[PDB]
C-alpha cells in the first residue's frame, strides 16, 4: 500500500526513531568505532603539536636568513 | 616695413605669444624631454647608501617582530 499518496510511507532515519533492537544495535556500534579512533588521534597529538612549532621554527630560520641577506647588503 | 623705425618689427619671444601650431609644438617638446630627466635624476637619487642601511634595518625590525610572534606561538603550544 505504498504506490499512492493516500497509502502511508516512511521517512529517512526512522530505524533509530523507533527504539527497537536495531536502533540500539546501531547506537552502540558507533561508540565501538569512535572510541578507538579517539586514541589514535589522542596519541598523535604529541607529535603534530610539536610540528606546528617546528613549522613555525622553520619559518623563523627562513626569516633570519633574509635578515642576514639584508645585513650583508647594508655592510 | 621693418627697414624704417615706423614699420612693425618682431621681438624676442613671439612664437609662444602667438599660440598657434609652432607655439604648441614647442611646449610639448620641452615637457616630453624634461620628463625623462625627472626619471634619470630620480632613479640615481635612490642610490644613497645611508638610506639603504636604514632600509637594511627597517626590514630587519619587521622580521624580528615576526620571529617574536612565532616564539610566542611556540611558548603557547608548549
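Chains as they are written, first to last, in the authors' numbering: chain CJ, 1 to 75; chain J, 1 to 78. Every residue, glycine too, gets a C-beta built ideally from N, C-alpha and C.
- Its chain contains 22, 23, 26 as the residues whose beta carbon lies nearer than 8 Å to that of residue 15(CJ), once the 5 sequence neighbours on both sides are disregarded; these appear in chain order.
- Distance from the CA atom of residue 73(CJ) to the CA atom of residue 66(CJ), rounded to whole angstroms, is 11 Å.
- For residue 18(CJ), the enclosing alpha helix (DSSP H) begins and ends at 15-18.
- Residue 48(J) has a beta carbon lying at 8 Å or more from every beta carbon in chain CJ.
- Residue-level contact by beta carbon fails for residue 40(J) and chain CJ, as no gap is shorter than 8 Å.
- Residue state for residue 11(J) is assigned as coil, using DSSP reduced to three classes.
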